[PDB]
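Student: Requesting a structural model of the entry that follows:
(8 chains)
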Amino acid sequence: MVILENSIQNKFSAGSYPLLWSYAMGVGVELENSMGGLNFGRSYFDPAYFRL
Amino acid sequence: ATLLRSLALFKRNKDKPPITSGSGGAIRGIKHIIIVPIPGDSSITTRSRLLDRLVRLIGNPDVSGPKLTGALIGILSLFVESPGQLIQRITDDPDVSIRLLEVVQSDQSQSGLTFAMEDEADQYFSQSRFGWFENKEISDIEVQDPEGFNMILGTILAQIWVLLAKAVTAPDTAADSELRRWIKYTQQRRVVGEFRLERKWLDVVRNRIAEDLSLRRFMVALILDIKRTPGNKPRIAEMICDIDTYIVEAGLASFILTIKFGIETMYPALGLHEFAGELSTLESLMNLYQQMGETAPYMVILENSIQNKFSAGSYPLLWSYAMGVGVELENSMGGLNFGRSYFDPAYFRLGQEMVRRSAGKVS
Amino acid sequence: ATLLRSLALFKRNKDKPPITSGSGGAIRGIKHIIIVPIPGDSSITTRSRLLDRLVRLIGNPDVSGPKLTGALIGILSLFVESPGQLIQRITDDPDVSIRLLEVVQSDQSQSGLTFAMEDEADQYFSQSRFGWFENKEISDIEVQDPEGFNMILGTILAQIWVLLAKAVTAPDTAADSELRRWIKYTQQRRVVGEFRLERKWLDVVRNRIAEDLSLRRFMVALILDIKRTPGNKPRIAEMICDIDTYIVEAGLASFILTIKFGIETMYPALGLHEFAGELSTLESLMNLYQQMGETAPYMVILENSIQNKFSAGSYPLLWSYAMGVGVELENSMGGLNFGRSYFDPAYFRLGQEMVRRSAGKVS
RNA sequence: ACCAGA
RNA sequence: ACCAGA
RNA sequence: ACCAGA
RNA sequence: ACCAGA
RNA sequence: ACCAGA
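Tutor: Residues are numbered from 1 along each chain as shown, chains lettered A, B, ... in the order given. Structure data below:
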């Protein structure tokens, strides 16, 4: 949907769930080495749940 | 227990949309001829010349109400084959009669365009107060390739459709928000980054979309026609339905955020009896929202009479609780202005208190 | 006996860490772009050249606040594969935004390094006031083998991490103590003994670690990341966690030595009633110390607000008793400066008296 | 805030 | 209301 | 929008 | 009516 | 009969 770049990939964006996404980046970068290279820079990050 | 279902039916009739088709036809207003210059002929070249002579028409302090709305309806539908059967397909506005005129290119006219009336077109299309691009080294944006015009028109439309998102809700403080969408369509390679129309061109259009109502009814009702297109949409039309995620529910966030923070979190401060009557007049507004159909996220863009019913004044206590839950959870809710004459901050402080008490307090 | 548990709960709430996550996001300060020159590419050769051009960058009176902190964060993370995903892994400082730039080697540039901006790097990296090694026969420390650079970088880091131990507590009188750790890592064959950076290079860094706070938050929070590494740590990282035993609790020794000498010896002069209230506000500081987690031995290195609570001014009598027990037992406690405006030497002399009375006096 | 700590 | 509190 | 994936 | 939303 | 209600 984002290769075809349709309008419905705005709906799967992490901005609609900005807290539970940051929690999953906190679980994510602590578990795998591979998640350390993922850039997650957004204007809704809220790092208090990333640290949680 | 006969009072309970007699109470719930009482709120499913006074909070019900009125049945229609009772007017025989004596409500229709006095009409108003508007002038929408549609692209002339099959060829790509004249519709790029039409876009060029009609963007700088808008950046002009001498254009009127109808001439500007017809200029915008003229460029918001250049992205289709035969725009004439799109305007009369979309416009069901009762206060505006489309009299749309074909524009063909010429080498006799001054502007380069005649009407299919050779010099009469020059009074239709024609320095520090003319709105134009920010890189004002640009003189003309007339091109001859189809994919060139497809990217220039997609650039001009993508910064007129983002105006609609908060032309009527936050008109003045929309300059910082709409730039963040211009940055979005630049790194997606949707638009070209060079052809950014300036602050003064967009403030003509944003003031126009705010001040008349038949332009918004055209902008809403073609978005609703973009959504119904089943297959792969054309790429400017996909972009309009992509901008649409910022235009939907824009002005209902005293109701959407009341659902998102007051209802869906389910703190123990919803079993208060003072909310128990206001969870039912918010339950009936969720029944009413989905039976209004696909025109329901645009009720304050279209500015109909039913957006007074979704106002937070009908649930002034449970709304304030949800602003208290809201501004304590997100950084983004700190910028929301909620200044109303029914605020009651004792439940706003009760809304913040349920979040702070339930910090590490898994249910 | 209802006053007793009402008293103990009174001291387990005013001496309690405040609950958090109440700020929506409107506390975050104005940011500050810092420049951390990360090593460029997989190859060992450019990160030895980066270390060479960035050690002598620090020994320079013309470097600023941010340029020096970004130089130190640039060299304190050269010991890992891909230092770029370490800086953005560690830094949760709200006052500093890392803008880290890759540095690749070149033969075109003057210094030998460009940015992945060929000559713009030469104004980034560039005699009696340039800080450098004590054996200043050295010109360059660029090497080409991996185990050579692993021992040179381990030598440079082992005398920057020992600066952190008392950069903020005893900054001036740290010159004799930090040499005793340099002697420790020389006979362990951890470092090379030749490459001792001089007094004037380290006094740039020790003054820097003292005067800004976001450098210490990077130095602390990577130490806390070294500890979490489960298996055999890499050998420079093992050395940093080896230096760490001198950095922990550094500035809490009016509290650690109060526990060690006042509490744990258990002389009969703890059943004084004047201490009975101050053994409970020291019991609650031991409950508070272990529920702050792994950031608790660094509370005065990080200089947070909770190290005012572990101060000896809240227990000014039982602390002085423990300085009296302390300086009478060890030779090493004779060098400790305890000069405070709450000393009360009548309990310091009572602290020494319990040691002298209990000389051969097995309990 | 200040000691000693292979 | 009043002290001391890296 | 960004990681890793015989 | 006002926030954030690849 | 009296309020508030983009």
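Student: Please name the nearest non-neighbouring residue to residue A:5.
Tutor: residue B:188 (6.6 Å; C-beta to C-beta, 6 or more residues apart in numbering or on different chains). Every residue, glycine included, has its C-beta placed from N, CA and C.
Student: So the one you found sits against residue A:7, correct?
Tutor: No - counting by C-beta atoms under 8 Å, residue A:7 is not a contact partner of residue B:188; they are 11.8 Å apart.
Student: Look at the two and report which has more neighbours.
Tutor: residue A:7 (19 against 12; other C-beta atoms under 10 Å in any protein chain shown).
Student: Now the residue nearest to residue A:5. Its backbone dihedrals?
Tutor: phi -80, psi 0 (degrees, to the nearest 10).
Student: Residues contacting stretch A:39-52 from elsewhere in the structure, which ones?
Tutor: A:14-15, A:18-20, A:22-23, A:25-26, B:180, B:330-332, C:20-21, C:25, C:92 (C-beta atoms under 8 Å, 6 or more residues apart in numbering or on different chains).
Student: And for stretch A:10-26?
Tutor: With contact meaning C-beta under 8 Å, 6+ apart, stretch A:10-26 is reached by A:1, A:35, A:38, A:40, A:42, A:44-47, A:49-52, B:242, B:245, B:329-330, B:332.
Student: to the chain's geometric centre, what's the distance from that stretch?
Tutor: 5 Å (C-alpha atoms, centre = their mean, to the nearest Å).
Student: first vs last residue of that stretch, how far apart are they?
Tutor: From its first residue to its last, stretch A:10-26 covers 23 Å (C-alpha to C-alpha, to the nearest Å).
Student: and it, does that touch RNA strand G?
Tutor: Yes - using C-beta under 7 Å from any atom of the strand, a contact is recorded between stretch A:10-26 and RNA strand G, made by A:10, A:12-16, A:18.
Student: which one of the residues you listed is nearest RNA strand G?
Tutor: Distances from RNA strand G to the residues of stretch A:10-26 next to RNA strand G, taken as C-beta to the nearest atom of the strand, are shortest for residue A:15 (2.1 Å).
Student: distance of the residue nearest to residue A:5 from RNA strand F?
Tutor: Remark: distance between residue B:188 and RNA strand F (C-beta to the nearest atom of the strand, to the nearest Å) = 8 Å.
Student: How about chain A: which residue is closest to RNA strand D?
Tutor: residue A:51 (27.3 Å).
Student: do you know how far the residue nearest the centre of chain A is from chain B?
Tutor: The residue lying closest to the centre of chain A (C-alpha atoms, centre = their mean) is residue A:21, at 4.9 Å. As judged by C-beta to the nearest C-beta, to the nearest Å, residue A:21 and chain B stand 12 Å apart.
Student: measure that residue to RNA strand E for me?
Tutor: Distance from residue A:21 to RNA strand E, by C-beta to the nearest atom of the strand: 39 Å.
Student: and what of residue A:38?
Tutor: For residue A:38, the distance to RNA strand E - C-beta to the nearest atom of the strand - is 39 Å.
Student: try residue A:41
Tutor: From residue A:41 across to RNA strand E, the span is 36 Å (C-beta to the nearest atom of the strand).
Student: With residue A:1 instead?
Tutor: Residue A:1 is 55 Å from RNA strand E, by C-beta to the nearest atom of the strand.
Student: Could you do residue A:19 as well?
Tutor: 36 Å.
Student: Likewise for residue A:7?
Tutor: Residue A:7 is 57 Å from RNA strand E, by C-beta to the nearest atom of the strand.
Student: Next, the contact list for that residue, please.
Tutor: B:233, B:238, B:241-242, B:244-245.
Student: possible to save those as CSV with secondary structure?
Tutor: Listed next are the contacts of residue A:7 as CSV, based on DSSP: H, G, I helix; E, B strand; the rest coil:
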residue, secondary structure
B:233, coil
B:238, helix
B:241, helix
B:242, helix
B:244, helix
B:245, helix
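Student: Find the pair from these with maximum spatial separation.
Tutor: Distance extremes for those: the farthest pair is B:233 and B:245 at 14.3 Å, using C-beta to C-beta.
Student: Name the residue of chain A that lies nearest to RNA strand E.
Tutor: For chain A, C-beta to the nearest atom of the strand, closest residue to RNA strand E: residue A:51, 25.2 Å.
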